[PDB]
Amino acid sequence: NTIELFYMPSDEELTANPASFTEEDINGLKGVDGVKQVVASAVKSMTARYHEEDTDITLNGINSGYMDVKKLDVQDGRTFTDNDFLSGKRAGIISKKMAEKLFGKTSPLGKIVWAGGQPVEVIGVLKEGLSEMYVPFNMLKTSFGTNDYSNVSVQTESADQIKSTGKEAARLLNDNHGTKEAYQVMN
């Protein structure tokens, strides 16, 4: 019962204005009829570093709805709290693979990993294939200057709402951005 929103401007759209979702967008969507939850992330590739070890990782800056909806399961340590998202703490939850690459069999919990030159305390390792770390989206703003989400889905209350909620959510997006039909769900 989730549907993803995409940004694809038409030629009619591009020649009026020479994938971006704002915080305003994420907050608006939550109030769209039929929306149970908003699933939002900013996905970026970069190197992560601990001591003498380097690996390439996926860093996901997410909102509070993302964990909610995604069956993301922490095996050791803890998951994010709503205040972690609020304050944008320098806190990260890492996959088993990236923990193994950077730490081997040593516990990563409490250690500082440097992602793209930014320090992040590992507060959780996920249940078990990819090297990826999750951090509060608000941490991306201050640390990397990332102020938009790259990927957004909405979860509906029921399956029969997808078509209409999806459409409404897409219109809302277009209206916030002043675009005609750039934002859309699959028809």
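Don't overthink the numbering: it's just position in the shown sequence, from 1.
Point to revise | Missing residues, deposited sequence, between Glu128 and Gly129 (class: none, 1 to 3, 4 to 9, 10 or more) | key: The entry has 4 to 9 unmodelled residues between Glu128 and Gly129.
Taking the mean of the C-alpha B-factors per stretch from the entry, tell me the winner out of 69-77 and 85-93. Result: 69-77.
Which wins on mean Cα temperature factor, 20-28 or 5-13? Going by the record's values, the stretch with the higher mean is 5-13.
Looking at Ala42, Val135, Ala159, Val122, which one carries the largest C-alpha B-factor according to the PDB entry? Reading the PDB entry, the winner on C-alpha B-factor is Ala159.
Taking the entry's C-alpha B-factors for this chain, is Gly145 in the lowest, middle or highest third? Its C-alpha B-factor belongs to the highest third of this chain's values.
| query | Sorting the chain's CA B-factors, does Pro108 end up in the lowest, middle or highest third? | reply | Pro108: CA B-factor falls in the lowest third of its chain.
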